[PDB]
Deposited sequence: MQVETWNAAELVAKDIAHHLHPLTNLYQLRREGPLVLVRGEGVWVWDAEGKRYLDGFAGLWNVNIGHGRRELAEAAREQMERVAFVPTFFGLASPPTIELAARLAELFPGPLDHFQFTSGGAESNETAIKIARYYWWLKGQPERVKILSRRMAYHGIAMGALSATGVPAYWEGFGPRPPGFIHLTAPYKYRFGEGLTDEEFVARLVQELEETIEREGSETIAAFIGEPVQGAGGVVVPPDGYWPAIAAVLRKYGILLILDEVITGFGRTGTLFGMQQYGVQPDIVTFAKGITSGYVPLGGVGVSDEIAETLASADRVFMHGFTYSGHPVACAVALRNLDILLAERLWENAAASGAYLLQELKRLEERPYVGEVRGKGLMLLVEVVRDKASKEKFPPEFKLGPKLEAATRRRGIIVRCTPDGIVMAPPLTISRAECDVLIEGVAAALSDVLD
């Protein structure tokens, strides 16, 4: 039985750990939450308190914590050999097998893959591949990237990301990015049917393409369901119409499946959910269930043939691309995910969670409860009629974070509300634990 020195860990963390995505000022005064153990959907802190991992780490622990199978896979590969580069025509067996398996799993001619270590690396690779593809085609001015407001594609991709809070204070951003409106009906589609809202979004896309010039737009990048931006579930028919416009102008479609991928939405990939076939797909997170950092980009046969038609070295790559340990762990994780058909439980548990959490809509401070599969959000507002958010001085995010953690729940708490992305294995009883914790924390903060 492992024993931790919580005070020592807190002191060392405050002294030496520059947390990402954290209020460092608050961290120095209050300290971190140190998690030391995990099983399934449960985690334990250094003091022995139990929490439900309602966010699956960072949308990524899809098959749950404590899977010995993945640990043994990593151990076996590391003992055999830990690192073989994919540079200079080198490769390891797990990397090759993962590439072939992903060619099978991703529908259609999405058959060529280059691996990375994260979602931001993957999106950066996809953008560069689109621009390089048009460059090889003799269209060097076709570099502009279409993205959306509230989109999140990484902080390295940072320009593609549509949340402005990530930009402030970090200096200039790479140019060539055009931001469209997010298919966010609650605030942008008031008093509209789904059809009319989709029509307006399509009109905006057409007008933007006309304004910029279709020959200057390399690609469109987007998530099937936007995740970090605020769990924006698109209206019915949005993706087919948007993809049709893009195909009309020849603009490449980059589908960001970093969060939606590998079973979160109720299917293996969100593209299946929305009947879209992208030219480029990006993935990360759930591919390994977060056990080892892994990401990747998959491209169509046409794009790959264009890239492979040049008798020159492809001048792009990250050092750990195709890491053998990551790929072996990914193969085992895919074995478990497919064998247990987790996307089915994701669909069922997500529907149950959405149904129960929608009861929170009765409360005066709950504007909207929305979700797709296991991606769920409770948007908190000061007033339902106006839809006005709580002001920054109220510190809704920190208060909700503290309340949820005190009630043994770990969920993303933001100024806009509560975001839940539990592991795909969550049972109904664990779903009830999450529901009651979220409701009680909301009552604690807002009555």
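Open item on the list: Let me make sure I understand the coverage. Which parts of the deposited sequence, in order from the N-terminal end, have no C-alpha coordinates here?
Closed with: Going by the record, the segments left unmodelled (no C-alpha atoms) fall at 1-2, 159-160.
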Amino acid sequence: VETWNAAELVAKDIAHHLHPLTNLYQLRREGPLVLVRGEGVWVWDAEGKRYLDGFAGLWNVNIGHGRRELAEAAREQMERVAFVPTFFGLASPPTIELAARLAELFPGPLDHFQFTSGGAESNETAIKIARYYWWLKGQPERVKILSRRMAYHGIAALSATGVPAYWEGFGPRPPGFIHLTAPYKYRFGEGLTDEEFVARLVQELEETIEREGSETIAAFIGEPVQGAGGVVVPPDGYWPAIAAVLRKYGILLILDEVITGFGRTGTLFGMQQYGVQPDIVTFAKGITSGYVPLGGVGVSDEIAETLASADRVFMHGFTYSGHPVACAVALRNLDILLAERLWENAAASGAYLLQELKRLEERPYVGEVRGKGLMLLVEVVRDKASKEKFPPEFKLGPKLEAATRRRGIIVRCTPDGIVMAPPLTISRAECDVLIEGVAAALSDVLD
From here on, numbers count along this sequence of modelled residues.
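TODO: State which stretch shows the higher mean Cα B factor in the entry: 134-142 or 252-260.
DONE: Comparing 134-142 with 252-260, the higher mean C-alpha B-factor belongs to 134-142.
Open item on the list: Please compare 47-55 with 389-397 and name the stretch with the higher mean C-alpha B-factor in the deposited structure.
Closed with: Per the PDB entry, the higher value belongs to 389-397.
Task: Options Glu223, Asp279, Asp111, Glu204 - largest CA temperature factor per the record - done: Top of the list by C-alpha B-factor: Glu204.
TODO: Determine which member of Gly296, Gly171, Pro94, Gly373 has the highest CA B-factor, using the values in the deposited entry.
DONE: Comparing C-alpha B-factors across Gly296, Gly171, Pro94, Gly373, the maximum falls on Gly171.
Task: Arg363 by Cα B-factor - lowest, middle or highest third of the modelled chain - done: Tercile = highest for this residue's CA B-factor.
Open item on the list: Lowest, middle or highest third: which one holds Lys285 when the chain's residues are ordered by CA B-factor from the entry?
Closed with: Lowest third.
Open item on the list: Based on the deposited C-alpha B factors for this chain, I'd like to know if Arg211 is in the lowest, middle or highest third.
Closed with: Within its chain, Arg211 is a highest-third residue by C-alpha B-factor, going by the deposited values.
TODO: Going by the recorded CA B-factors, say which third of the chain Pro324 sits in, lowest, middle or highest.
DONE: Lowest third.
TODO: Looking at the entry's B-factor column for C-alpha atoms only, identify whether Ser300 ranks in the lowest, middle or highest third of its chain.
DONE: Middle third.
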